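my_file.cif follows (mmCIF, N, CA and C atoms):
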```
data_data
#
loop_
_atom_site.label_atom_id
_atom_site.label_comp_id
_atom_site.auth_asym_id
_atom_site.auth_seq_id
_atom_site.Cartn_x
_atom_site.Cartn_y
_atom_site.Cartn_z
N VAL A 146 -14.59 -26.47 -46.29
CA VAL A 146 -13.37 -25.93 -45.68
C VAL A 146 -12.93 -26.80 -44.50
N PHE A 147 -11.63 -27.06 -44.36
CA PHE A 147 -11.06 -27.57 -43.11
C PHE A 147 -10.73 -26.39 -42.20
N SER A 148 -11.40 -26.29 -41.06
CA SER A 148 -11.04 -25.33 -40.05
C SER A 148 -9.78 -25.77 -39.32
N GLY A 149 -8.75 -24.93 -39.35
CA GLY A 149 -7.57 -25.12 -38.51
C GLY A 149 -7.84 -24.87 -37.02
N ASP A 150 -9.07 -24.54 -36.62
CA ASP A 150 -9.44 -24.32 -35.23
C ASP A 150 -10.71 -25.10 -34.88
N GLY A 151 -10.76 -25.74 -33.72
CA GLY A 151 -11.79 -26.76 -33.45
C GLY A 151 -11.65 -28.04 -34.32
N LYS A 152 -10.71 -28.05 -35.27
CA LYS A 152 -10.16 -29.20 -36.01
C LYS A 152 -11.23 -30.06 -36.67
N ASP A 153 -11.94 -29.49 -37.64
CA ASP A 153 -13.09 -30.14 -38.29
C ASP A 153 -13.30 -29.65 -39.73
N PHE A 154 -13.92 -30.46 -40.57
CA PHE A 154 -14.42 -30.04 -41.87
C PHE A 154 -15.82 -29.43 -41.74
N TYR A 155 -16.14 -28.46 -42.60
CA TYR A 155 -17.43 -27.77 -42.64
C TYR A 155 -17.89 -27.48 -44.06
N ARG A 156 -19.20 -27.31 -44.24
CA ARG A 156 -19.88 -26.96 -45.50
C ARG A 156 -20.29 -25.49 -45.51
N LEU A 157 -20.11 -24.80 -46.63
CA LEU A 157 -20.46 -23.38 -46.79
C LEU A 157 -21.58 -23.20 -47.82
N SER A 158 -22.42 -22.19 -47.61
CA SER A 158 -23.49 -21.81 -48.52
C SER A 158 -23.02 -20.82 -49.59
N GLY A 159 -23.68 -20.81 -50.75
CA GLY A 159 -23.51 -19.74 -51.76
C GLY A 159 -23.99 -18.34 -51.34
N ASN A 160 -24.55 -18.19 -50.14
CA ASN A 160 -24.95 -16.91 -49.56
C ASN A 160 -23.77 -16.15 -48.93
N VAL A 161 -22.71 -16.88 -48.55
CA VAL A 161 -21.51 -16.34 -47.93
C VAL A 161 -20.44 -16.16 -49.00
N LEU A 162 -20.03 -14.90 -49.19
CA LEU A 162 -18.95 -14.40 -50.03
C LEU A 162 -17.58 -14.91 -49.62
N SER A 163 -17.35 -15.14 -48.33
CA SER A 163 -16.09 -15.68 -47.83
C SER A 163 -16.24 -16.15 -46.42
N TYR A 164 -15.82 -17.38 -46.15
CA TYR A 164 -15.65 -17.90 -44.80
C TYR A 164 -14.20 -18.37 -44.67
N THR A 165 -13.47 -17.71 -43.78
CA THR A 165 -12.01 -17.58 -43.93
C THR A 165 -11.18 -18.59 -43.15
N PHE A 166 -11.48 -18.79 -41.86
CA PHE A 166 -10.69 -19.59 -40.89
C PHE A 166 -9.28 -19.06 -40.52
N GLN A 167 -9.10 -17.74 -40.54
CA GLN A 167 -8.01 -17.03 -39.85
C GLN A 167 -8.27 -16.94 -38.34
N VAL A 168 -7.24 -16.89 -37.52
CA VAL A 168 -7.36 -16.65 -36.08
C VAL A 168 -6.60 -15.41 -35.71
N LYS A 169 -7.16 -14.64 -34.80
CA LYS A 169 -6.58 -13.47 -34.19
C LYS A 169 -7.07 -13.47 -32.78
N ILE A 170 -6.26 -13.03 -31.85
CA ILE A 170 -6.64 -12.84 -30.48
C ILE A 170 -5.89 -11.62 -30.03
N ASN A 171 -6.56 -10.62 -29.51
CA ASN A 171 -5.94 -9.35 -29.20
C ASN A 171 -6.32 -9.04 -27.79
N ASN A 172 -5.35 -8.74 -26.96
CA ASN A 172 -5.49 -8.60 -25.54
C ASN A 172 -4.88 -7.28 -25.14
N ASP A 173 -5.54 -6.66 -24.20
CA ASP A 173 -5.12 -5.38 -23.62
C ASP A 173 -5.42 -5.53 -22.14
N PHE A 174 -4.46 -5.18 -21.33
CA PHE A 174 -4.54 -5.24 -19.89
C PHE A 174 -4.11 -3.89 -19.39
N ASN A 175 -4.79 -3.40 -18.38
CA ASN A 175 -4.35 -2.27 -17.61
C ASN A 175 -4.61 -2.61 -16.17
N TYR A 176 -3.61 -2.51 -15.31
CA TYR A 176 -3.73 -2.72 -13.88
C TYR A 176 -3.09 -1.54 -13.18
N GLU A 177 -3.77 -0.87 -12.28
CA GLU A 177 -3.28 0.36 -11.68
C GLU A 177 -3.57 0.36 -10.21
N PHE A 178 -2.60 0.76 -9.40
CA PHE A 178 -2.57 0.46 -7.98
C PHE A 178 -2.07 1.65 -7.20
N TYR A 179 -2.64 1.86 -6.03
CA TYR A 179 -2.26 2.88 -5.09
C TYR A 179 -2.31 2.29 -3.70
N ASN A 180 -1.41 2.69 -2.81
CA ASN A 180 -1.54 2.46 -1.38
C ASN A 180 -0.84 3.59 -0.62
N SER A 181 -1.34 3.95 0.55
CA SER A 181 -0.89 5.07 1.36
C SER A 181 -1.06 4.76 2.84
N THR A 182 -0.27 5.38 3.71
CA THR A 182 -0.31 5.16 5.15
C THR A 182 0.37 6.29 5.89
N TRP A 183 -0.18 6.71 7.01
CA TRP A 183 0.39 7.77 7.85
C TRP A 183 0.20 7.50 9.33
N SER A 184 1.08 8.05 10.16
CA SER A 184 0.93 8.10 11.61
C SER A 184 1.52 9.39 12.17
N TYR A 185 0.95 9.89 13.25
CA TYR A 185 1.32 11.17 13.85
C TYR A 185 1.11 11.15 15.37
N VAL A 186 1.93 11.91 16.09
CA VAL A 186 1.93 12.09 17.54
C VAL A 186 2.23 13.55 17.89
N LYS A 187 1.53 14.07 18.89
CA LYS A 187 1.79 15.36 19.55
C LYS A 187 1.68 15.20 21.06
N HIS A 188 2.53 15.90 21.81
CA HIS A 188 2.49 15.97 23.27
C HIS A 188 2.84 17.36 23.78
N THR A 189 2.23 17.76 24.90
CA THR A 189 2.57 18.99 25.63
C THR A 189 2.46 18.79 27.14
N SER A 190 3.24 19.53 27.92
CA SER A 190 3.07 19.63 29.37
C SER A 190 3.50 20.99 29.90
N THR A 191 2.80 21.48 30.92
CA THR A 191 3.02 22.79 31.54
C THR A 191 2.84 22.65 33.04
N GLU A 192 3.83 23.06 33.82
CA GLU A 192 4.01 22.60 35.19
C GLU A 192 4.55 23.71 36.11
N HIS A 193 4.27 23.60 37.41
CA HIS A 193 4.60 24.64 38.40
C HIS A 193 4.92 24.03 39.77
N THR A 194 5.66 24.77 40.60
CA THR A 194 5.63 24.63 42.06
C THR A 194 5.94 25.95 42.75
N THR B 393 11.32 36.28 60.19
CA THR B 393 11.89 35.82 58.92
C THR B 393 10.80 35.40 57.93
N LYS B 394 10.96 35.77 56.65
CA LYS B 394 10.09 35.36 55.54
C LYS B 394 10.92 34.86 54.34
N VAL B 395 10.52 33.75 53.73
CA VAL B 395 11.17 33.09 52.58
C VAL B 395 10.12 32.57 51.60
N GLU B 396 10.34 32.71 50.29
CA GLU B 396 9.49 32.10 49.26
C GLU B 396 10.30 31.68 48.02
N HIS B 397 10.08 30.46 47.55
CA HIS B 397 10.73 29.86 46.38
C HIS B 397 9.67 29.34 45.39
N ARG B 398 9.84 29.59 44.09
CA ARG B 398 8.83 29.27 43.05
C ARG B 398 9.48 28.93 41.70
N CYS B 399 8.89 28.03 40.92
CA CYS B 399 9.32 27.75 39.55
C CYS B 399 8.18 27.30 38.62
N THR B 400 8.36 27.48 37.32
CA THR B 400 7.51 26.91 36.26
C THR B 400 8.35 26.25 35.17
N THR B 401 7.86 25.14 34.63
CA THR B 401 8.55 24.29 33.66
C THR B 401 7.58 23.88 32.55
N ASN B 402 8.06 23.74 31.32
CA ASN B 402 7.24 23.40 30.16
C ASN B 402 8.00 22.43 29.24
N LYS B 403 7.27 21.57 28.54
CA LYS B 403 7.84 20.58 27.62
C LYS B 403 6.90 20.31 26.45
N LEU B 404 7.45 19.93 25.31
CA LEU B 404 6.69 19.61 24.09
C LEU B 404 7.40 18.50 23.33
N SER B 405 6.66 17.68 22.59
CA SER B 405 7.23 16.66 21.71
C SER B 405 6.30 16.32 20.55
N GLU B 406 6.86 15.81 19.46
CA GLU B 406 6.12 15.36 18.28
C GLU B 406 6.83 14.17 17.63
N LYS B 407 6.07 13.36 16.88
CA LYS B 407 6.57 12.27 16.03
C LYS B 407 5.66 12.09 14.82
N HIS B 408 6.22 11.73 13.68
CA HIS B 408 5.49 11.50 12.44
C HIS B 408 6.09 10.34 11.67
N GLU B 409 5.26 9.57 10.99
CA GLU B 409 5.68 8.48 10.11
C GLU B 409 4.76 8.43 8.89
N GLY B 410 5.31 8.08 7.74
CA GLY B 410 4.62 8.17 6.47
C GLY B 410 5.08 7.10 5.51
N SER B 411 4.16 6.60 4.71
CA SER B 411 4.42 5.66 3.63
C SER B 411 3.44 5.86 2.48
N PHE B 412 3.88 5.66 1.25
CA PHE B 412 3.01 5.52 0.08
C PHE B 412 3.72 4.65 -0.95
N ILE B 413 2.96 3.92 -1.74
CA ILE B 413 3.46 3.21 -2.92
C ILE B 413 2.41 3.27 -4.02
N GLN B 414 2.85 3.18 -5.25
CA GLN B 414 2.00 3.19 -6.43
C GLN B 414 2.62 2.28 -7.47
N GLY B 415 1.77 1.62 -8.22
CA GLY B 415 2.15 0.70 -9.26
C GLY B 415 1.21 0.86 -10.44
N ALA B 416 1.71 0.72 -11.64
CA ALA B 416 0.83 0.53 -12.77
C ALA B 416 1.47 -0.41 -13.76
N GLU B 417 0.67 -1.25 -14.36
CA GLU B 417 1.06 -2.19 -15.38
C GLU B 417 0.12 -2.02 -16.55
N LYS B 418 0.66 -2.17 -17.74
CA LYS B 418 -0.13 -2.37 -18.93
C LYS B 418 0.44 -3.55 -19.65
N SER B 419 -0.42 -4.29 -20.31
CA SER B 419 0.00 -5.24 -21.32
C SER B 419 -0.83 -5.00 -22.55
N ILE B 420 -0.26 -5.14 -23.72
CA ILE B 420 -1.00 -5.17 -24.96
C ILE B 420 -0.38 -6.27 -25.75
N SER B 421 -1.18 -7.14 -26.34
CA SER B 421 -0.66 -8.18 -27.18
C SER B 421 -1.61 -8.54 -28.27
N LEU B 422 -1.08 -8.74 -29.46
CA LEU B 422 -1.81 -9.22 -30.59
C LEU B 422 -1.19 -10.54 -30.98
N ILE B 423 -2.03 -11.57 -31.02
CA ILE B 423 -1.75 -12.85 -31.61
C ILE B 423 -2.50 -12.96 -32.90
N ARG B 424 -1.83 -13.43 -33.93
CA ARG B 424 -2.43 -13.73 -35.23
C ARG B 424 -1.92 -15.10 -35.62
N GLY B 425 -2.79 -15.95 -36.12
CA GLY B 425 -2.56 -17.39 -36.18
C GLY B 425 -2.72 -18.08 -34.81
N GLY B 426 -2.73 -19.41 -34.83
CA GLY B 426 -2.96 -20.32 -33.70
C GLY B 426 -4.30 -21.06 -33.77
N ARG B 427 -4.42 -22.17 -33.05
CA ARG B 427 -5.70 -22.64 -32.52
C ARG B 427 -6.06 -21.74 -31.35
N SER B 428 -7.30 -21.31 -31.23
CA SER B 428 -7.65 -20.31 -30.22
C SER B 428 -7.56 -20.83 -28.79
N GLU B 429 -7.37 -22.12 -28.57
CA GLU B 429 -7.00 -22.66 -27.25
C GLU B 429 -5.64 -22.14 -26.75
N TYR B 430 -4.65 -22.11 -27.65
CA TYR B 430 -3.27 -21.72 -27.35
C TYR B 430 -2.97 -20.30 -27.80
N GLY B 431 -3.64 -19.81 -28.84
CA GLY B 431 -3.74 -18.38 -29.10
C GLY B 431 -4.30 -17.66 -27.88
N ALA B 432 -5.33 -18.22 -27.22
CA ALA B 432 -5.70 -17.79 -25.89
C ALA B 432 -4.51 -17.90 -24.93
N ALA B 433 -3.86 -19.05 -24.83
CA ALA B 433 -2.84 -19.25 -23.80
C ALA B 433 -1.71 -18.21 -23.88
#
```

For this file, produce the structure as C-alpha cells.
Amino acid sequence: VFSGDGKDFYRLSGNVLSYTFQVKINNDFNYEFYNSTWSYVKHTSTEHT
Amino acid sequence: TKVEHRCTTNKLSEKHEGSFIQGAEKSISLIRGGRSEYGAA
C-alpha cells in the first residue's frame, strides 16, 4: 500500500483483513469562563453640643 | 439670669460598585481526509 500520510510505501501481512489509509481527525473544545468583582462602603456619625 | 442652648445632629452615607462577566466557547470539528500534519492544522 502507498500511505497518503507520512508519504511512504508499506508491506501488509495475510493476518490483516484490511489496512486502509483513511484519515480522520475529530476535535472538540469547550472553554468556560467566569469573573466577578464587588466594592462597598458604609458611614455613620452622631454628634452633640 | 439663667440661659441654656443645646443641639444634636446625625448623618449617614453608603456607596456600592459591582461587576461580573461570563464567557463560554465550544468548538466541534470533524476532519475527514488530509495528511494528518494539516488535518491537524

### Residue members of the PyMOL selection byres ((chain A and resi 191) around 6) in the file shown, as a PyMOL selection string
(chain A and resi 189-190+192-193) or (chain B and resi 401-403)

### Task
Can you list, as a ChimeraX atom specification, all residues belonging to chain B that DSSP tags as strand (DSSP E)?
/B:400-424

### Task
Tell me which protein, DNA and RNA residues are within 12 Å of residue B:425, counting only C-alpha atoms, leaving out same-chain ones fewer than 2 positions away, and put them as a PyMOL selection string.
(chain A and resi 149-150+166-171) or (chain B and resi 422-423+427-432)

### Task
Would you list the contacts of residue B:419 as a ChimeraX atom specification, taking every protein, DNA or RNA residue within 6.5 Å and counting all atoms listed in the file, but skipping same-chain residues closer than 4 positions in sequence?
/A:172-176

### Summary
As a check of understanding: the span from atom N of residue A:183 to atom CA of residue B:409 is 6.9 Å

### Task
Within 8 Å of residue A:147, counting all atoms listed in the file, which residues show up once you throw out same-chain ones fewer than 6 positions away? Write them as a list in words, please.
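Within the cut-off, the hits are residues 153, 154, 155, 156, 165 and 166 of chain A.
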
### Query
Given the choices A:148, A:158, A:181, A:163, which gets closest to residue B:414 if the distance is worked out from only N, CA and C atoms?
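Answer, going by the shortest atom-to-atom distance: A:181.
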
#### Entry: Shell around residue A:185 at 8 Å using only N, CA and C atoms, local window under 3 positions removed, as a ChimeraX atom specification
/B:406-410

#### Entry: Which of A:146, A:157, A:162, A:186 sits closest to chain B [using only C-alpha atoms]
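With only C-alpha atoms as the atom set, the closest residue is A:186.
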
Name the residues of chain B that come out as alpha helix (DSSP H) in a backbone DSSP run; write them as a PDB file with N, CA and C atoms, in the frame of the given file.
```
ATOM      1  N   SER B 428      -7.300 -21.310 -31.230  1.00  0.00           N
ATOM      2  CA  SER B 428      -7.650 -20.310 -30.220  1.00  0.00           C
ATOM      3  C   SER B 428      -7.560 -20.830 -28.790  1.00  0.00           C
ATOM      4  N   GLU B 429      -7.370 -22.120 -28.570  1.00  0.00           N
ATOM      5  CA  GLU B 429      -7.000 -22.660 -27.250  1.00  0.00           C
ATOM      6  C   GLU B 429      -5.640 -22.140 -26.750  1.00  0.00           C
ATOM      7  N   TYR B 430      -4.650 -22.110 -27.650  1.00  0.00           N
ATOM      8  CA  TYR B 430      -3.270 -21.720 -27.350  1.00  0.00           C
ATOM      9  C   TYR B 430      -2.970 -20.300 -27.800  1.00  0.00           C
ATOM     10  N   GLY B 431      -3.640 -19.810 -28.840  1.00  0.00           N
ATOM     11  CA  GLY B 431      -3.740 -18.380 -29.100  1.00  0.00           C
ATOM     12  C   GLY B 431      -4.300 -17.660 -27.880  1.00  0.00           C
ATOM     13  N   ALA B 432      -5.330 -18.220 -27.220  1.00  0.00           N
ATOM     14  CA  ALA B 432      -5.700 -17.790 -25.890  1.00  0.00           C
ATOM     15  C   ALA B 432      -4.510 -17.900 -24.930  1.00  0.00           C
TER      16      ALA B 432
END
```

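Between atom N of residue B:418 and atom CA of residue A:178 the interatomic distance comes to 10.6 Å.
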
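Checking A:164, A:187, A:159, A:152 one by one against chain B, counting only C-alpha atoms, you find the shortest gap at A:187.
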
### Query
When you draw a straight line from atom N of residue B:405 to atom N of residue A:194, how long is it in Å?
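These two atoms are separated by 19.4 Å.
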
Would you mind putting N, CA, C and O atoms back on stretch 166-187 of chain A and writing the result as a compact mmCIF listing (two decimals), in the frame of the given file?
```txt
# COMPACT_ATOMS: atom_id res chain seq x y z
N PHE A 166 -11.48 -18.79 -41.86
CA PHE A 166 -10.69 -19.59 -40.89
C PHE A 166 -9.28 -19.06 -40.52
O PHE A 166 -8.39 -19.82 -40.14
N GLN A 167 -9.10 -17.74 -40.54
CA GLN A 167 -8.01 -17.03 -39.85
C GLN A 167 -8.27 -16.94 -38.34
O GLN A 167 -9.42 -16.83 -37.92
N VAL A 168 -7.24 -16.89 -37.52
CA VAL A 168 -7.36 -16.65 -36.08
C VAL A 168 -6.60 -15.41 -35.71
O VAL A 168 -5.53 -15.12 -36.25
N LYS A 169 -7.16 -14.64 -34.80
CA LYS A 169 -6.58 -13.47 -34.19
C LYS A 169 -7.07 -13.47 -32.78
O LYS A 169 -8.22 -13.82 -32.54
N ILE A 170 -6.26 -13.03 -31.85
CA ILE A 170 -6.64 -12.84 -30.48
C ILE A 170 -5.89 -11.62 -30.03
O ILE A 170 -4.67 -11.60 -30.10
N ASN A 171 -6.56 -10.62 -29.51
CA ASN A 171 -5.94 -9.35 -29.20
C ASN A 171 -6.32 -9.04 -27.79
O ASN A 171 -7.49 -9.05 -27.47
N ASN A 172 -5.35 -8.74 -26.96
CA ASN A 172 -5.49 -8.60 -25.54
C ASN A 172 -4.88 -7.28 -25.14
O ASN A 172 -3.82 -6.90 -25.61
N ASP A 173 -5.54 -6.66 -24.20
CA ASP A 173 -5.12 -5.38 -23.62
C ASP A 173 -5.42 -5.53 -22.14
O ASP A 173 -6.47 -6.00 -21.81
N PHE A 174 -4.46 -5.18 -21.33
CA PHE A 174 -4.54 -5.24 -19.89
C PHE A 174 -4.11 -3.89 -19.39
O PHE A 174 -3.12 -3.34 -19.87
N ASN A 175 -4.79 -3.40 -18.38
CA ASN A 175 -4.35 -2.27 -17.61
C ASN A 175 -4.61 -2.61 -16.17
O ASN A 175 -5.73 -2.96 -15.83
N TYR A 176 -3.61 -2.51 -15.31
CA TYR A 176 -3.73 -2.72 -13.88
C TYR A 176 -3.09 -1.54 -13.18
O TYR A 176 -1.95 -1.22 -13.46
N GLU A 177 -3.77 -0.87 -12.28
CA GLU A 177 -3.28 0.36 -11.68
C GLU A 177 -3.57 0.36 -10.21
O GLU A 177 -4.64 -0.06 -9.81
N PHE A 178 -2.60 0.76 -9.40
CA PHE A 178 -2.57 0.46 -7.98
C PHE A 178 -2.07 1.65 -7.20
O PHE A 178 -1.09 2.29 -7.58
N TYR A 179 -2.64 1.86 -6.03
CA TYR A 179 -2.26 2.88 -5.09
C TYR A 179 -2.31 2.29 -3.70
O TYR A 179 -3.21 1.51 -3.40
N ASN A 180 -1.41 2.69 -2.81
CA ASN A 180 -1.54 2.46 -1.38
C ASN A 180 -0.84 3.59 -0.62
O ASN A 180 0.17 4.12 -1.06
N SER A 181 -1.34 3.95 0.55
CA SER A 181 -0.89 5.07 1.36
C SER A 181 -1.06 4.76 2.84
O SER A 181 -1.92 3.97 3.21
N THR A 182 -0.27 5.38 3.71
CA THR A 182 -0.31 5.16 5.15
C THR A 182 0.37 6.29 5.89
O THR A 182 1.46 6.72 5.50
N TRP A 183 -0.18 6.71 7.01
CA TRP A 183 0.39 7.77 7.85
C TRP A 183 0.20 7.50 9.33
O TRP A 183 -0.76 6.83 9.71
N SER A 184 1.08 8.05 10.16
CA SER A 184 0.93 8.10 11.61
C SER A 184 1.52 9.39 12.17
O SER A 184 2.49 9.92 11.64
N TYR A 185 0.95 9.89 13.25
CA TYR A 185 1.32 11.17 13.85
C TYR A 185 1.11 11.15 15.37
O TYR A 185 0.20 10.48 15.85
N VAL A 186 1.93 11.91 16.09
CA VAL A 186 1.93 12.09 17.54
C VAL A 186 2.23 13.55 17.89
O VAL A 186 3.16 14.15 17.34
N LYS A 187 1.53 14.07 18.89
CA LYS A 187 1.79 15.36 19.55
C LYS A 187 1.68 15.20 21.06
O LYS A 187 0.79 14.50 21.53
```
